[PDB]
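First comes one chain, alone, set out as structure tokens in the form deposited in one PDB entry.
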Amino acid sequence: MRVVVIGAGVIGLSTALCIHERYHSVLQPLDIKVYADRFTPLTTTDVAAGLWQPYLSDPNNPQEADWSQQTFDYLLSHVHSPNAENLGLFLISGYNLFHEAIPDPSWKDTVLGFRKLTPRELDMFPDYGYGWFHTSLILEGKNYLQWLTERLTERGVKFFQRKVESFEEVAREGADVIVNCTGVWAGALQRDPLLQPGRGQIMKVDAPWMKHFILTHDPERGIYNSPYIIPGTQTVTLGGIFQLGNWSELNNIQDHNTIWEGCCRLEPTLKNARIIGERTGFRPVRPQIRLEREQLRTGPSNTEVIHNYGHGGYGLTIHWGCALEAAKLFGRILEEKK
């Protein structure tokens, strides 16, 4: 079986691993390739802080609820293991702050220890009169990409730097199965008008006294257009910007100041914090994830395609459940092939 994963972000590498770990057998061996135009540390996944948390609204496909929970349970079963260091996996507690009342999320029993904030906790944040507290996980994005690549190489997967211009390009090289994990750029291989970039920009800051995440919310401007502070293992991510349809991969002054002046109004200790770096990235925003089979009639033959893209602001949050579902889809392909 010749398999080609297009993509080397979280979705592509985890799907590569999950296909091998379930379907490379004594009876059927797989050749799994990974073709990518950019690899770690140069991907969207490497920009991300990596906090597990879905959207505040219930998801469009409600299988995404399951897939997110599956991913949390996978990571919670490993957080206290000594190799958690290598994945970049750790527990964090902290705050979700709202101006007004809001109902409980469709994930509150997935996280540990979920509660509303007391008035005394709310008194710590003058701008915010409602909110939650819970404990979740961070899975650091550069670390997990490093570790996944290691696991893949160990299992004989080969990596190749190339931009694929078409599915037919792979198919004439003899891909029996193409796994399409190309994120926000998937429209270049097949037109998808439902897929758009939600551009974000972030600051990494030196503030190691920060031990909680602090997410604020302005639902009028939607998810991600309100300040957030996220302690990572070495550095704190400061963020809170979303532009639908901006394709500029460039850090800018206005977005810097929006984040700086916003996060320093959240937590004034950040005014002292050394700025270490700044990054820009594109969330693959889609109404739902596309996690789907398609069969492609390109040239002298047909080829089977597993699509796995469109994971928005939640791709680390949902990756493992998506990779196992894409593995399920690969098993259907093998069943049809007999």
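Each form is matched to the other, and the largest set of C-alpha atoms that superpose within 1.5 Å is called the rigid core. Start at 1 and count along the sequence shown; that's the residue number. Residues that one form lacks are left out of the comparison.
Higher mean CA temperature factor between 252 to 260 and 167 to 175: 167 to 175, per the PDB entry. As listed in the deposited structure, the average C-alpha B-factor of 128 to 136 and of 212 to 220 is greater for 212 to 220. Across 91, 205, 112, 152, the greatest Cα temperature factor reported in the deposited entry is at 152.
Per the deposited coordinates, the residue with the largest Cα temperature factor out of 240, 156, 187, 105 is 105.
For residue 329, the recorded CA B-factor ranks within the highest third of the chain. Only modelled residues enter the ranking. Among all modelled residues in this chain, the alpha-carbon of residue 77 has a temperature factor (C-alpha) in the middle third. Among all modelled residues in its chain, residue 275 ranks in the middle third by Cα B-factor. Compared with the other modelled residues of the chain, the Cα B-factor recorded for residue 183 ranks in the highest third.
Ranked by Cα temperature factor within the chain, residue 100 sits in the highest third according to the deposited record.
Same protein, other form: the form deposited in another entry, not shown, and the subject of what follows.
Measuring CA movement between the shown form and the other one with the rigid core aligned, the set 69, 280, 63, 298 has one residue at 2 Å or more: 298. Relative to the superposed rigid core, the position of the CA of residue 129 differs between the shown form and the other one by less than 2 Å.
Annotation: Cα of residue 28 displaced by at least 2 Å between the shown form and the other one, core superposition. Core-superposed comparison between the shown form and the other one: the Cα of residue 221 travels 2 Å or more. The rigid-core fit between the shown form and the other one yields the following 3+ residue runs with every Cα displaced by 2 Å or more: 26 to 29, 219 to 221, 298 to 301.
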